[PDB]
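K.L.:
quick one, structure for this:
(3 chains)
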Amino acid sequence: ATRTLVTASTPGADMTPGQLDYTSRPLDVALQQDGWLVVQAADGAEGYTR
Amino acid sequence: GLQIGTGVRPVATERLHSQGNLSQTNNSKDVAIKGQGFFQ
Amino acid sequence: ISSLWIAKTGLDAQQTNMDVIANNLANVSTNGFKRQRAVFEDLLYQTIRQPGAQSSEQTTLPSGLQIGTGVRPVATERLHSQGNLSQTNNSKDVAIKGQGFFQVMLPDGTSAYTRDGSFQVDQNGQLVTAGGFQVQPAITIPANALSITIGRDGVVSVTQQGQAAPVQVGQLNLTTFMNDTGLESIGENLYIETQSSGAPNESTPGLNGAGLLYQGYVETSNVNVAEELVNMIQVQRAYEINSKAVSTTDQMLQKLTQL
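P.N.:
Numbers count the residues shown, from 1 in each chain, chains lettered A, B, ... in the order given. The protein structure is shown below:
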């Protein structure tokens, strides 16, 4: 057994918080380290975003 | 672990409700209020 | 290639240090802020050939190969020094002389400790911090108050229309920790205790090694720009050097793969 192929793989993501800018807009929100806002996706089930 | 900051924002602006100096105007209808209170 | 994976760590360390410097410079005018310094620490080494001793009186160099791994940021410590005092002439500004933190009740029940003294009266009279969070010892101010005074040992009193004598309305104690460097910091100039620092102990000012209070003054941040500029220059130069290393190893690898 010598041959060994390689296939690319992608884990989920990196949830490192991004840098945020102050826009002074009254309804622009920034979350916590591990916070998520919930929205209603197209299919009906809720989804999480930042 | 360690912590990294992200910046600064202004949060509030406060007024100094102190007592200012009085200047005379010799006008019979000029009123200077000394202390606390407001005209409605 | 190991060279790329080492220079990547070098560049990341320089980037994080630059971010720390930028954060220190950005909020230089905020009150009760303490500067941060990031300390780095090298990773472990791999010994490929053991340095076998000779002791043959040949004055030969030791023959041992030991490769490094890179650099990581290990900690970011804040310097808890006494900053300057700036006078705002406001009757509800308190500056701490020495060590100690006021305690604030967060909305989710927990308590956070802050050194920034800028208090305002709410609609109900309760003393709150700029942002709406209220002070834990729950000091309240009656209406129709001529003037509010705060003692040097955290006793707050007020004067009414008459009676020719002020009436106390509360006590303003403060908490202390054994190792104040290890407090996890969150926004609104808030700090919370963790396992790194000891359990807080509360006391009136002037006792148990706690600082006094000055009314009408606030404590400015202890940021020294003269060394911040130097650190920024050094960070830039080190980043450029690591970029040069990346370019060199990429060029030699390209030459290798030419054939």
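K.L.:
who's in contact with the residue in chain A that chain C sits nearest to?
P.N.:
As assessed by C-beta to the nearest C-beta, chain C sits closest to residue A:19 within chain A, at 8.6 Å. From N, CA and C alone the C-beta is placed, and that goes for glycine too. With contact set as C-beta atoms under 8 Å, 6 or more residues apart in numbering or on different chains, residue A:19 has these partners: residue B:6.
K.L.:
residue numbers of chain B in contact with chain C?
P.N.:
B:2-8, B:11-12, B:14, B:16, B:18, B:35-36 (C-beta under 8 Å from any C-beta of the partner chain).
K.L.:
that older thread, sec struct for the residue of chain A closest to chain C, please.
P.N.:
coil (DSSP: H, G, I helix; E, B strand; the rest coil).
K.L.:
output the set of residues of chain B in proximity to chain A.
P.N.:
Within reach of chain A by C-beta under 8 Å from any C-beta, chain B has these residues: B:6-7, B:9.
K.L.:
just the buried ones among these, please.
P.N.:
Buried members of the residues of chain B next to chain A, scored by 16 or more other C-beta atoms under 10 Å in any protein chain shown, are residue B:6.
K.L.:
any idea which of the residues of chain B next to chain A is closest to chain C?
P.N.:
Using C-beta to the nearest C-beta, the residues of chain B next to chain A come closest to chain C at residue B:7, 5.1 Å.
K.L.:
would you map the strands across chain B?
P.N.:
For chain B, no strands are identified by DSSP state E.
K.L.:
again, but for chain A
P.N.:
Using DSSP E, strands in chain A cover A:37-40, A:46-49.
K.L.:
of all of chain A, which residue lies closest to chain B?
P.N.:
residue A:22 (4.8 Å).
K.L.:
tell me the contacts of the residue in chain B that chain A sits nearest to?
P.N.:
Nearest to chain A, among the residues of chain B, is residue B:9, at 4.8 Å (C-beta to the nearest C-beta). Residues near residue B:9 by C-beta under 8 Å, 6+ apart: residue A:22.
K.L.:
got the contact list for residue B:16?
P.N.:
Contacts of residue B:16 (C-beta under 8 Å, 6+ apart): C:88-90.
K.L.:
just to revisit the earlier point, show me which of the residues of chain B next to chain C are buried.
P.N.:
B:5-6.
K.L.:
the residues of chain B next to chain C: which two are farthest apart?
P.N.:
Greatest spatial distance among those (C-beta to C-beta): B:2 and B:35, at 52.2 Å.
K.L.:
the strands of chain A into JSON lines, with extra columns for distance to chain B and mean neighbour count?
P.N.:
Output for the strands of chain A, formatted as JSON lines (distance: least, C-beta to the nearest C-beta, whole Å; neighbours: other C-beta atoms under 10 Å in any protein chain shown):
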{"stretch": "strand A:37-40", "distance to chain B": "19", "mean neighbour count": "9"}
{"stretch": "strand A:46-49", "distance to chain B": "20", "mean neighbour count": "10"}
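K.L.:
quick check: residue B:28 vs residue C:16, distance?
P.N.:
In this view, residue B:28 and residue C:16 are 70 Å apart by C-beta to C-beta, to the nearest Å.
K.L.:
my bad, should have said residue B:15
P.N.:
Residue B:15 is 40 Å from residue C:16, by C-beta to C-beta.
K.L.:
ditto for residue A:31
P.N.:
For residue A:31 relative to residue C:16 (C-beta to C-beta), the value is 22 Å.
K.L.:
check residue B:34 too.
P.N.:
Residue B:34 is 57 Å from residue C:16, by C-beta to C-beta.
K.L.:
do residue B:5 as well
P.N.:
Counting by C-beta to C-beta - residue B:5 and residue C:16 are separated by 11 Å.
K.L.:
same deal with residue A:15?
P.N.:
From residue A:15 to residue C:16 the distance is 18 Å (C-beta to C-beta).
K.L.:
what of residue B:20?
P.N.:
Residue B:20 is 50 Å from residue C:16, by C-beta to C-beta.
K.L.:
for residue B:17, same thing?
P.N.:
45 Å.
K.L.:
likewise for residue A:44?
P.N.:
In terms of C-beta to C-beta, residue A:44 sits 42 Å off from residue C:16.
K.L.:
follow-up on the earlier one: dump the residue contacts of the residue of chain A closest to chain B.
P.N.:
B:7, B:9.
K.L.:
phi, psi for it please.
P.N.:
phi -90, psi 110 (degrees, to the nearest 10).
K.L.:
try residue A:11
P.N.:
phi -70, psi -180.
K.L.:
burial of it, as a residue count?
P.N.:
Using other C-beta atoms under 10 Å in any protein chain shown, the number of residues around residue A:11 comes to 5.
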